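K.L.:
Data file target.csv (CSV, N, CA, C and O atoms) is appended below.
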```csv
chain,number,residue,atom,x,y,z
M,1,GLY,N,34.9,-9.3,-10.2
M,1,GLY,CA,35.3,-10.4,-11.1
M,1,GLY,C,34.7,-10.2,-12.5
M,1,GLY,O,33.4,-10.1,-12.6
M,2,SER,N,35.5,-10.1,-13.5
M,2,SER,CA,35.1,-9.9,-14.8
M,2,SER,C,35.7,-10.9,-15.7
M,2,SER,O,36.9,-11.2,-15.8
M,3,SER,N,34.8,-11.6,-16.5
M,3,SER,CA,35.2,-12.7,-17.4
M,3,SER,C,35.9,-12.1,-18.6
M,3,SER,O,36.9,-12.6,-19.0
M,4,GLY,N,35.3,-11.1,-19.2
M,4,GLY,CA,36.0,-10.5,-20.3
M,4,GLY,C,35.2,-10.7,-21.6
M,4,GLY,O,34.1,-11.3,-21.5
M,5,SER,N,35.8,-10.4,-22.7
M,5,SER,CA,35.1,-10.6,-24.0
M,5,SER,C,34.9,-12.1,-24.3
M,5,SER,O,35.4,-12.9,-23.5
M,6,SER,N,34.2,-12.4,-25.4
M,6,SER,CA,33.9,-13.8,-25.7
M,6,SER,C,34.2,-14.0,-27.2
M,6,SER,O,35.0,-14.8,-27.6
M,7,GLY,N,33.5,-13.3,-28.1
M,7,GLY,CA,33.7,-13.4,-29.5
M,7,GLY,C,33.6,-12.1,-30.2
M,7,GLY,O,32.6,-11.8,-30.8
M,8,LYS,N,34.7,-11.4,-30.2
M,8,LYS,CA,34.8,-10.1,-30.9
M,8,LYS,C,35.3,-10.2,-32.3
M,8,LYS,O,35.5,-9.3,-33.0
M,9,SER,N,35.6,-11.5,-32.7
M,9,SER,CA,36.1,-11.8,-34.1
M,9,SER,C,35.0,-12.3,-35.0
M,9,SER,O,34.7,-11.6,-36.0
M,10,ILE,N,34.4,-13.4,-34.7
M,10,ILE,CA,33.4,-14.0,-35.5
M,10,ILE,C,32.4,-12.9,-35.9
M,10,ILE,O,31.6,-12.4,-35.1
M,11,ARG,N,32.4,-12.6,-37.2
M,11,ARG,CA,31.5,-11.6,-37.8
M,11,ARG,C,30.0,-11.8,-37.3
M,11,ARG,O,29.7,-12.9,-36.7
M,12,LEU,N,29.2,-10.8,-37.5
M,12,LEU,CA,27.8,-10.9,-37.1
M,12,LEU,C,26.9,-10.3,-38.1
M,12,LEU,O,27.2,-9.3,-38.8
M,13,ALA,N,25.7,-10.8,-38.3
M,13,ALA,CA,24.7,-10.3,-39.2
M,13,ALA,C,23.9,-9.1,-38.6
M,13,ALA,O,22.7,-9.0,-38.7
M,14,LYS,N,24.7,-8.2,-38.1
M,14,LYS,CA,24.1,-7.0,-37.5
M,14,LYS,C,24.8,-5.7,-37.9
M,14,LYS,O,24.2,-4.7,-38.2
M,15,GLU,N,26.2,-5.8,-38.0
M,15,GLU,CA,27.0,-4.7,-38.4
M,15,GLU,C,26.9,-4.5,-39.9
M,15,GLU,O,26.9,-3.3,-40.4
M,16,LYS,N,26.7,-5.6,-40.7
M,16,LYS,CA,26.6,-5.5,-42.1
M,16,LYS,C,25.2,-4.9,-42.5
M,16,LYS,O,25.1,-4.3,-43.6
M,17,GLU,N,24.3,-5.0,-41.7
M,17,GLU,CA,22.9,-4.4,-41.9
M,17,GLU,C,23.0,-3.0,-42.6
M,17,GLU,O,22.2,-2.7,-43.4
M,18,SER,N,24.1,-2.3,-42.3
M,18,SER,CA,24.3,-1.0,-42.9
M,18,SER,C,24.0,-1.0,-44.3
M,18,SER,O,23.5,0.0,-44.9
M,19,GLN,N,24.3,-2.1,-45.0
M,19,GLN,CA,24.1,-2.2,-46.4
M,19,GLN,C,22.6,-2.1,-46.8
M,19,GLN,O,22.1,-1.3,-47.5
M,20,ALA,N,21.9,-3.1,-46.2
M,20,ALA,CA,20.4,-3.1,-46.4
M,20,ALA,C,19.7,-1.9,-45.9
M,20,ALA,O,18.8,-1.4,-46.5
M,21,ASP,N,20.3,-1.3,-44.8
M,21,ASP,CA,19.7,0.0,-44.3
M,21,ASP,C,20.0,1.1,-45.2
M,21,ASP,O,19.1,2.0,-45.4
M,22,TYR,N,21.2,1.2,-45.7
M,22,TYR,CA,21.6,2.3,-46.6
M,22,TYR,C,20.8,2.3,-47.9
M,22,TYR,O,20.6,3.3,-48.5
M,23,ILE,N,20.3,1.1,-48.3
M,23,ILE,CA,19.4,1.0,-49.4
M,23,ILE,C,18.0,1.2,-49.1
M,23,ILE,O,17.3,2.2,-49.6
M,24,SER,N,17.4,0.4,-48.2
M,24,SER,CA,16.0,0.5,-47.8
M,24,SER,C,15.6,1.9,-47.7
M,24,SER,O,14.5,2.3,-48.1
M,25,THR,N,16.5,2.8,-47.2
M,25,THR,CA,16.2,4.2,-47.0
M,25,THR,C,15.3,4.7,-48.2
M,25,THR,O,14.3,5.4,-48.0
M,26,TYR,N,15.7,4.4,-49.4
M,26,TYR,CA,15.0,4.8,-50.6
M,26,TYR,C,14.4,3.6,-51.3
M,26,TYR,O,15.1,2.9,-52.0
M,27,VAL,N,13.1,3.4,-51.2
M,27,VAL,CA,12.4,2.3,-51.8
M,27,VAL,C,10.9,2.6,-52.0
M,27,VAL,O,10.3,3.4,-51.3
M,28,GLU,N,10.3,2.0,-53.1
M,28,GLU,CA,8.9,2.2,-53.4
M,28,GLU,C,8.2,0.9,-53.6
M,28,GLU,O,8.7,0.0,-54.3
M,29,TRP,N,7.0,0.7,-53.1
M,29,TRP,CA,6.2,-0.5,-53.2
M,29,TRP,C,4.8,-0.2,-53.7
M,29,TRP,O,4.1,0.6,-53.0
M,30,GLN,N,4.5,-0.7,-54.9
M,30,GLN,CA,3.1,-0.5,-55.4
M,30,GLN,C,2.5,-1.8,-55.8
M,30,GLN,O,3.1,-2.8,-56.1
M,31,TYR,N,1.1,-1.8,-55.7
M,31,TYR,CA,0.4,-3.0,-56.1
M,31,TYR,C,-0.5,-2.8,-57.3
M,31,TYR,O,-1.1,-1.7,-57.4
M,32,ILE,N,-0.6,-3.8,-58.2
M,32,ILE,CA,-1.4,-3.7,-59.4
M,32,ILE,C,-2.8,-4.3,-59.2
M,32,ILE,O,-2.9,-5.5,-59.1
M,33,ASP,N,-3.8,-3.4,-59.0
M,33,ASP,CA,-5.2,-3.9,-58.8
M,33,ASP,C,-5.7,-4.5,-60.1
M,33,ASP,O,-5.2,-4.3,-61.2
M,34,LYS,N,-6.9,-5.2,-60.0
M,34,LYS,CA,-7.5,-5.8,-61.2
M,34,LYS,C,-7.2,-5.0,-62.4
M,34,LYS,O,-6.4,-5.5,-63.3
M,35,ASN,N,-7.8,-3.8,-62.5
M,35,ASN,CA,-7.6,-3.0,-63.7
M,35,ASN,C,-7.1,-1.6,-63.3
M,35,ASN,O,-7.2,-0.6,-64.1
M,36,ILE,N,-6.5,-1.5,-62.1
M,36,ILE,CA,-6.0,-0.3,-61.6
M,36,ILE,C,-4.6,-0.5,-61.0
M,36,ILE,O,-4.3,-1.5,-60.5
M,37,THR,N,-3.8,0.6,-61.1
M,37,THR,CA,-2.4,0.5,-60.5
M,37,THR,C,-2.2,1.6,-59.5
M,37,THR,O,-1.9,2.7,-59.7
M,38,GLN,N,-2.3,1.1,-58.2
M,38,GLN,CA,-2.1,2.0,-57.1
M,38,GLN,C,-0.9,1.7,-56.3
M,38,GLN,O,-0.3,0.7,-56.5
M,39,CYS,N,-0.6,2.5,-55.3
M,39,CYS,CA,0.6,2.2,-54.4
M,39,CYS,C,0.2,2.2,-52.9
M,39,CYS,O,-0.9,2.7,-52.6
M,40,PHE,N,1.0,1.6,-52.1
M,40,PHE,CA,0.8,1.5,-50.7
M,40,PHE,C,1.1,2.8,-50.0
M,40,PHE,O,1.8,3.6,-50.5
M,41,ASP,N,0.5,2.9,-48.8
M,41,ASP,CA,0.8,4.1,-48.0
M,41,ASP,C,2.3,4.2,-47.6
M,41,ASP,O,3.0,3.3,-47.8
M,42,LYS,N,2.7,5.4,-47.1
M,42,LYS,CA,4.0,5.6,-46.7
M,42,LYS,C,4.5,4.7,-45.6
M,42,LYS,O,5.6,4.5,-45.3
M,43,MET,N,3.5,4.3,-44.8
M,43,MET,CA,3.7,3.4,-43.7
M,43,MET,C,3.8,1.9,-44.1
M,43,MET,O,4.6,1.2,-43.6
M,44,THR,N,2.9,1.5,-45.0
M,44,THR,CA,2.9,0.2,-45.5
M,44,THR,C,4.0,-0.1,-46.5
M,44,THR,O,4.6,-1.2,-46.5
M,45,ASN,N,4.4,0.9,-47.3
M,45,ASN,CA,5.4,0.8,-48.3
M,45,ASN,C,6.6,0.1,-47.7
M,45,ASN,O,7.3,-0.7,-48.4
M,46,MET,N,6.9,0.4,-46.5
M,46,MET,CA,8.1,-0.2,-45.8
M,46,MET,C,7.7,-1.6,-45.3
M,46,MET,O,8.5,-2.6,-45.4
M,47,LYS,N,6.5,-1.8,-44.8
M,47,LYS,CA,6.1,-3.1,-44.3
M,47,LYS,C,6.4,-4.2,-45.3
M,47,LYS,O,6.5,-5.3,-44.9
M,48,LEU,N,6.5,-3.8,-46.5
M,48,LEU,CA,6.8,-4.8,-47.6
M,48,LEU,C,8.3,-4.9,-47.8
M,48,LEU,O,8.8,-6.0,-47.7
M,49,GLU,N,8.9,-3.8,-48.0
M,49,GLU,CA,10.4,-3.7,-48.2
M,49,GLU,C,11.1,-4.5,-47.1
M,49,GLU,O,12.0,-5.2,-47.4
M,50,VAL,N,10.7,-4.2,-45.9
M,50,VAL,CA,11.3,-4.9,-44.7
M,50,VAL,C,11.2,-6.4,-44.9
M,50,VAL,O,12.1,-7.1,-44.4
M,51,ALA,N,10.2,-6.9,-45.5
M,51,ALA,CA,10.0,-8.3,-45.7
M,51,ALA,C,10.8,-8.8,-46.8
M,51,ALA,O,11.3,-10.0,-46.8
M,52,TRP,N,11.0,-8.0,-47.8
M,52,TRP,CA,11.8,-8.4,-49.0
M,52,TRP,C,13.3,-8.4,-48.7
M,52,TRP,O,14.1,-9.1,-49.3
M,53,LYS,N,13.7,-7.5,-47.7
M,53,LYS,CA,15.1,-7.4,-47.3
M,53,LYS,C,15.4,-8.4,-46.2
M,53,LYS,O,16.5,-8.9,-46.1
M,54,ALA,N,14.4,-8.7,-45.4
M,54,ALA,CA,14.6,-9.6,-44.2
M,54,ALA,C,14.6,-11.1,-44.7
M,54,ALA,O,14.6,-12.0,-43.9
M,55,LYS,N,14.5,-11.2,-46.1
M,55,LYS,CA,14.6,-12.6,-46.7
M,55,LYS,C,13.3,-13.3,-46.3
M,55,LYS,O,13.3,-14.6,-46.1
M,56,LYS,N,12.2,-12.6,-46.1
M,56,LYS,CA,10.9,-13.2,-45.8
M,56,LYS,C,10.3,-13.9,-47.0
M,56,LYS,O,10.7,-13.7,-48.1
M,57,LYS,N,9.3,-14.8,-46.7
M,57,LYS,CA,8.6,-15.5,-47.8
M,57,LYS,C,7.3,-14.7,-48.2
M,57,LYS,O,7.0,-14.7,-49.4
M,58,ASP,N,6.7,-14.1,-47.2
M,58,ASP,CA,5.5,-13.4,-47.5
M,58,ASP,C,5.1,-12.5,-46.3
M,58,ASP,O,5.4,-12.8,-45.2
M,59,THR,N,4.5,-11.3,-46.6
M,59,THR,CA,4.1,-10.4,-45.6
M,59,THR,C,2.6,-10.0,-45.8
M,59,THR,O,2.2,-9.7,-46.9
M,60,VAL,N,1.9,-9.9,-44.6
M,60,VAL,CA,0.5,-9.5,-44.7
M,60,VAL,C,0.3,-8.0,-44.5
M,60,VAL,O,1.0,-7.4,-43.6
M,61,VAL,N,-0.5,-7.4,-45.2
M,61,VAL,CA,-0.8,-6.0,-45.2
M,61,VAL,C,-2.3,-5.7,-45.3
M,61,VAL,O,-3.0,-6.4,-46.0
M,62,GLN,N,-2.7,-4.6,-44.7
M,62,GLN,CA,-4.1,-4.2,-44.8
M,62,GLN,C,-4.4,-3.5,-46.1
M,62,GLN,O,-4.0,-2.3,-46.3
M,63,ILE,N,-5.1,-4.2,-47.0
M,63,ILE,CA,-5.5,-3.6,-48.3
M,63,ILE,C,-7.0,-3.5,-48.5
M,63,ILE,O,-7.7,-4.5,-48.4
M,64,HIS,N,-7.5,-2.3,-48.7
M,64,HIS,CA,-8.9,-2.1,-48.9
M,64,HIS,C,-9.7,-2.5,-47.6
M,64,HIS,O,-10.8,-2.9,-47.7
M,65,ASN,N,-9.1,-2.2,-46.5
M,65,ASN,CA,-9.7,-2.5,-45.2
M,65,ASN,C,-9.8,-4.0,-45.0
M,65,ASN,O,-10.7,-4.5,-44.3
M,66,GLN,N,-8.9,-4.8,-45.6
M,66,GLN,CA,-8.9,-6.2,-45.5
M,66,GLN,C,-7.5,-6.8,-45.6
M,66,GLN,O,-6.7,-6.4,-46.4
M,67,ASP,N,-7.2,-7.6,-44.6
M,67,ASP,CA,-5.8,-8.2,-44.5
M,67,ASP,C,-5.6,-9.1,-45.8
M,67,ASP,O,-6.4,-9.9,-46.2
M,68,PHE,N,-4.4,-8.8,-46.4
M,68,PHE,CA,-4.0,-9.6,-47.6
M,68,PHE,C,-2.6,-10.2,-47.4
M,68,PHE,O,-1.8,-9.7,-46.6
M,69,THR,N,-2.4,-11.3,-48.1
M,69,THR,CA,-1.1,-12.0,-48.0
M,69,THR,C,-0.2,-11.6,-49.3
M,69,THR,O,-0.5,-12.1,-50.4
M,70,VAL,N,0.8,-10.9,-49.1
M,70,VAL,CA,1.7,-10.5,-50.1
M,70,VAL,C,2.9,-11.4,-50.2
M,70,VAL,O,3.8,-11.4,-49.3
M,71,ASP,N,3.1,-12.2,-51.2
M,71,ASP,CA,4.2,-13.1,-51.4
M,71,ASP,C,5.3,-12.4,-52.2
M,71,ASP,O,5.2,-12.0,-53.3
M,72,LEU,N,6.5,-12.3,-51.5
M,72,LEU,CA,7.7,-11.7,-52.2
M,72,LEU,C,8.2,-12.6,-53.3
M,72,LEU,O,8.6,-12.1,-54.3
M,73,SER,N,8.3,-13.9,-53.0
M,73,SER,CA,8.8,-14.8,-53.9
M,73,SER,C,8.3,-14.5,-55.3
M,73,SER,O,9.1,-14.4,-56.3
M,74,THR,N,7.0,-14.4,-55.5
M,74,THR,CA,6.4,-14.1,-56.7
M,74,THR,C,6.0,-12.7,-56.9
M,74,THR,O,5.7,-12.1,-57.9
M,75,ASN,N,5.9,-12.0,-55.7
M,75,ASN,CA,5.5,-10.6,-55.7
M,75,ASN,C,4.0,-10.4,-56.1
M,75,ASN,O,3.7,-9.7,-57.0
M,76,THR,N,3.1,-11.1,-55.4
M,76,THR,CA,1.7,-11.1,-55.7
M,76,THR,C,0.9,-11.2,-54.4
M,76,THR,O,1.2,-12.0,-53.5
M,77,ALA,N,-0.1,-10.3,-54.3
M,77,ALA,CA,-1.0,-10.3,-53.1
M,77,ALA,C,-2.2,-11.2,-53.3
M,77,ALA,O,-2.7,-11.4,-54.4
M,78,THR,N,-2.7,-11.8,-52.2
M,78,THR,CA,-3.9,-12.7,-52.3
M,78,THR,C,-4.6,-12.7,-51.0
M,78,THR,O,-4.0,-12.6,-49.9
M,79,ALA,N,-5.9,-12.8,-51.1
M,79,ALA,CA,-6.8,-12.8,-49.9
M,79,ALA,C,-7.9,-13.9,-50.0
M,79,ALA,O,-8.2,-14.4,-51.1
M,80,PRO,N,-8.3,-14.4,-48.8
M,80,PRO,CA,-9.4,-15.4,-48.8
M,80,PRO,C,-10.7,-15.0,-49.2
M,80,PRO,O,-11.7,-15.7,-49.2
M,81,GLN,N,-10.8,-13.7,-49.7
M,81,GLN,CA,-12.0,-13.1,-50.2
M,81,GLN,C,-12.2,-13.4,-51.6
M,81,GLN,O,-13.3,-13.7,-52.1
M,82,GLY,N,-11.1,-13.4,-52.4
M,82,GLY,CA,-11.2,-13.7,-53.8
M,82,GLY,C,-10.6,-12.5,-54.6
M,82,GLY,O,-11.0,-12.3,-55.7
M,83,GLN,N,-9.5,-11.9,-54.1
M,83,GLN,CA,-8.9,-10.8,-54.8
M,83,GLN,C,-7.4,-11.0,-54.7
M,83,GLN,O,-6.8,-11.3,-53.7
M,84,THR,N,-6.7,-10.7,-55.9
M,84,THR,CA,-5.3,-10.9,-56.0
M,84,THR,C,-4.7,-9.7,-56.7
M,84,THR,O,-5.3,-9.2,-57.6
M,85,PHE,N,-3.4,-9.3,-56.3
M,85,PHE,CA,-2.8,-8.2,-57.0
M,85,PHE,C,-1.3,-8.5,-57.2
M,85,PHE,O,-0.8,-9.6,-56.7
M,86,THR,N,-0.6,-7.6,-57.8
M,86,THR,CA,0.9,-7.8,-58.1
M,86,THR,C,1.7,-6.7,-57.5
M,86,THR,O,1.4,-5.5,-57.8
M,87,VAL,N,2.7,-7.0,-56.7
M,87,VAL,CA,3.5,-6.1,-56.0
M,87,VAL,C,4.8,-5.9,-56.7
M,87,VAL,O,5.5,-6.9,-57.1
M,88,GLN,N,5.3,-4.7,-57.0
M,88,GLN,CA,6.5,-4.4,-57.7
M,88,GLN,C,7.5,-3.6,-56.8
M,88,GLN,O,7.0,-2.7,-56.1
M,89,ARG,N,8.7,-3.8,-56.9
M,89,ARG,CA,9.7,-3.1,-56.1
M,89,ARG,C,10.5,-2.1,-57.0
M,89,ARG,O,11.1,-2.5,-58.0
M,90,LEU,N,10.5,-0.9,-56.6
M,90,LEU,CA,11.2,0.2,-57.3
M,90,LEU,C,12.1,1.0,-56.4
M,90,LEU,O,11.7,1.4,-55.3
M,91,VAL,N,13.3,1.2,-56.9
M,91,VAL,CA,14.3,2.0,-56.1
M,91,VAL,C,14.3,3.5,-56.5
M,91,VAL,O,14.4,3.8,-57.6
M,92,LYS,N,14.1,4.3,-55.5
M,92,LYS,CA,14.0,5.7,-55.7
M,92,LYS,C,15.4,6.3,-55.8
M,92,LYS,O,16.1,6.6,-54.8
M,93,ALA,N,15.8,6.6,-57.0
M,93,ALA,CA,17.1,7.2,-57.3
M,93,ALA,C,17.1,8.0,-58.6
M,93,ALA,O,16.6,7.6,-59.6
M,94,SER,N,17.7,9.2,-58.5
M,94,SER,CA,17.8,10.1,-59.6
M,94,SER,C,19.2,10.7,-59.8
M,94,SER,O,19.7,11.4,-58.9
M,95,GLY,N,19.9,10.4,-60.9
M,95,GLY,CA,21.2,10.9,-61.1
M,95,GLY,C,21.8,10.4,-62.4
M,95,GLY,O,21.5,9.3,-62.9
M,96,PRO,N,22.6,11.3,-63.1
M,96,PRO,CA,23.2,10.9,-64.4
M,96,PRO,C,24.3,9.9,-64.2
M,96,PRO,O,25.4,10.2,-63.8
M,97,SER,N,24.0,8.6,-64.6
M,97,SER,CA,24.9,7.5,-64.4
M,97,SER,C,24.9,6.6,-65.7
M,97,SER,O,23.8,6.4,-66.2
M,98,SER,N,26.0,6.2,-66.1
M,98,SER,CA,26.1,5.3,-67.3
M,98,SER,C,26.4,3.9,-66.9
M,98,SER,O,25.7,3.0,-67.4
M,99,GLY,N,27.3,3.7,-66.0
M,99,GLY,CA,27.6,2.3,-65.6
M,99,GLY,C,26.9,2.0,-64.3
M,99,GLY,O,27.0,2.6,-63.3
```
Turn the structure described in the file into structure tokens.

P.N.:
Amino acid sequence: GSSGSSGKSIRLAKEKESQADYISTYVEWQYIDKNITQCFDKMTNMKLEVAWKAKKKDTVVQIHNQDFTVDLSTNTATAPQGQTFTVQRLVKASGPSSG
């Protein structure tokens, strides 16, 4: 006994992901320290992008051996210790384009 299909028409927020995935592939995330400008690790770099694409409000990451709260809305990191930074999103792309 087989019931059969159910909803093969109603679109889904899974197949379209291809868009976000096709982009995320190339992305860069860096944080602006007090008077220094450094970037996150190759593993953390994504931990942020994933939150910016997943429509998240904020993502926590280990910075300086201490958990920090990175807010995408404003793109700024903050910790209960007394340190705050600014996160910037950059797309890795190189090619001669006018439009």

K.L.:
Quote the spacing between atom O of residue 63 of chain M and atom N of residue 46 of chain M in Å to one decimal place.

P.N.:
15.5 Å

K.L.:
Using only C-alpha atoms, which residues sit within 10 Å of residue 26 of chain M once same-chain residues fewer than 6 positions away are excluded, as a ChimeraX atom specification?

P.N.:
/M:46,49,90-93

K.L.:
Distance atom O of residue 47 of chain M-atom CA of residue 13 of chain M, one decimal place?

P.N.:
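So the answer is 19.7 Å.
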
K.L.:
What is the distance between atom CA of residue 69 of chain M and atom CA of residue 20 of chain M, in Å to one decimal?

P.N.:
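Answer for the atom CA of residue 69 of chain M to atom CA of residue 20 of chain M separation: 23.3 Å.
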
K.L.:
So that I can check the secondary structure, give me every residue of chain M assigned helix (DSSP H, G or I) by backbone DSSP, as an MDAnalysis selection string.

P.N.:
chainID M and resid 18:24 44:53

K.L.:
Among segment 2-95 of chain M, which ones does DSSP place in strand (DSSP E or B), written as number ranges by chain?

P.N.:
M: 28-32, 37-39, 58-63, 66-71, 76-78, 84-90

K.L.:
Please tell me which residues are no farther than 8 Å from (5.5, -9.2, -54.0) in the file, counting all atoms listed in the file, and write them as a list in words.

P.N.:
residues 30, 48, 57, 58, 59, 69, 70, 71, 72, 73, 74, 75, 76, 77, 85, 86, 87, 88 and 89 of chain M

K.L.:
I'd like the neighbourhood of residue 66 of chain M as a PDB file with N, CA, C and O atoms, in the coordinates of the input, where a residue qualifies if any of its atoms comes within 12 Å (using only C-alpha atoms), though same-chain residues fewer than 2 positions away should be ignored.

P.N.:
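Saved the output as result30.pdb:
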```pdb
ATOM      1  N   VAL M  60       1.900  -9.900 -44.600  1.00  0.00           N
ATOM      2  CA  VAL M  60       0.500  -9.500 -44.700  1.00  0.00           C
ATOM      3  C   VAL M  60       0.300  -8.000 -44.500  1.00  0.00           C
ATOM      4  O   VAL M  60       1.000  -7.400 -43.600  1.00  0.00           O
ATOM      5  N   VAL M  61      -0.500  -7.400 -45.200  1.00  0.00           N
ATOM      6  CA  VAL M  61      -0.800  -6.000 -45.200  1.00  0.00           C
ATOM      7  C   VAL M  61      -2.300  -5.700 -45.300  1.00  0.00           C
ATOM      8  O   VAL M  61      -3.000  -6.400 -46.000  1.00  0.00           O
ATOM      9  N   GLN M  62      -2.700  -4.600 -44.700  1.00  0.00           N
ATOM     10  CA  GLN M  62      -4.100  -4.200 -44.800  1.00  0.00           C
ATOM     11  C   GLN M  62      -4.400  -3.500 -46.100  1.00  0.00           C
ATOM     12  O   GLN M  62      -4.000  -2.300 -46.300  1.00  0.00           O
ATOM     13  N   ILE M  63      -5.100  -4.200 -47.000  1.00  0.00           N
ATOM     14  CA  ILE M  63      -5.500  -3.600 -48.300  1.00  0.00           C
ATOM     15  C   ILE M  63      -7.000  -3.500 -48.500  1.00  0.00           C
ATOM     16  O   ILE M  63      -7.700  -4.500 -48.400  1.00  0.00           O
ATOM     17  N   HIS M  64      -7.500  -2.300 -48.700  1.00  0.00           N
ATOM     18  CA  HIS M  64      -8.900  -2.100 -48.900  1.00  0.00           C
ATOM     19  C   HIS M  64      -9.700  -2.500 -47.600  1.00  0.00           C
ATOM     20  O   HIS M  64     -10.800  -2.900 -47.700  1.00  0.00           O
ATOM     21  N   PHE M  68      -4.400  -8.800 -46.400  1.00  0.00           N
ATOM     22  CA  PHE M  68      -4.000  -9.600 -47.600  1.00  0.00           C
ATOM     23  C   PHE M  68      -2.600 -10.200 -47.400  1.00  0.00           C
ATOM     24  O   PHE M  68      -1.800  -9.700 -46.600  1.00  0.00           O
ATOM     25  N   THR M  69      -2.400 -11.300 -48.100  1.00  0.00           N
ATOM     26  CA  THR M  69      -1.100 -12.000 -48.000  1.00  0.00           C
ATOM     27  C   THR M  69      -0.200 -11.600 -49.300  1.00  0.00           C
ATOM     28  O   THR M  69      -0.500 -12.100 -50.400  1.00  0.00           O
ATOM     29  N   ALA M  77      -0.100 -10.300 -54.300  1.00  0.00           N
ATOM     30  CA  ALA M  77      -1.000 -10.300 -53.100  1.00  0.00           C
ATOM     31  C   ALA M  77      -2.200 -11.200 -53.300  1.00  0.00           C
ATOM     32  O   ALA M  77      -2.700 -11.400 -54.400  1.00  0.00           O
ATOM     33  N   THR M  78      -2.700 -11.800 -52.200  1.00  0.00           N
ATOM     34  CA  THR M  78      -3.900 -12.700 -52.300  1.00  0.00           C
ATOM     35  C   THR M  78      -4.600 -12.700 -51.000  1.00  0.00           C
ATOM     36  O   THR M  78      -4.000 -12.600 -49.900  1.00  0.00           O
ATOM     37  N   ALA M  79      -5.900 -12.800 -51.100  1.00  0.00           N
ATOM     38  CA  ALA M  79      -6.800 -12.800 -49.900  1.00  0.00           C
ATOM     39  C   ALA M  79      -7.900 -13.900 -50.000  1.00  0.00           C
ATOM     40  O   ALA M  79      -8.200 -14.400 -51.100  1.00  0.00           O
ATOM     41  N   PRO M  80      -8.300 -14.400 -48.800  1.00  0.00           N
ATOM     42  CA  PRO M  80      -9.400 -15.400 -48.800  1.00  0.00           C
ATOM     43  C   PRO M  80     -10.700 -15.000 -49.200  1.00  0.00           C
ATOM     44  O   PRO M  80     -11.700 -15.700 -49.200  1.00  0.00           O
ATOM     45  N   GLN M  81     -10.800 -13.700 -49.700  1.00  0.00           N
ATOM     46  CA  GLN M  81     -12.000 -13.100 -50.200  1.00  0.00           C
ATOM     47  C   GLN M  81     -12.200 -13.400 -51.600  1.00  0.00           C
ATOM     48  O   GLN M  81     -13.300 -13.700 -52.100  1.00  0.00           O
ATOM     49  N   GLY M  82     -11.100 -13.400 -52.400  1.00  0.00           N
ATOM     50  CA  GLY M  82     -11.200 -13.700 -53.800  1.00  0.00           C
ATOM     51  C   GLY M  82     -10.600 -12.500 -54.600  1.00  0.00           C
ATOM     52  O   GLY M  82     -11.000 -12.300 -55.700  1.00  0.00           O
ATOM     53  N   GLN M  83      -9.500 -11.900 -54.100  1.00  0.00           N
ATOM     54  CA  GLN M  83      -8.900 -10.800 -54.800  1.00  0.00           C
ATOM     55  C   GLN M  83      -7.400 -11.000 -54.700  1.00  0.00           C
ATOM     56  O   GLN M  83      -6.800 -11.300 -53.700  1.00  0.00           O
TER      57      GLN M  83
END
```

K.L.:
For a quick check of understanding, using all atoms listed in the file, which of M:6, M:97, M:56, M:40 has the smallest distance to residue 28 of chain M?

P.N.:
M:40
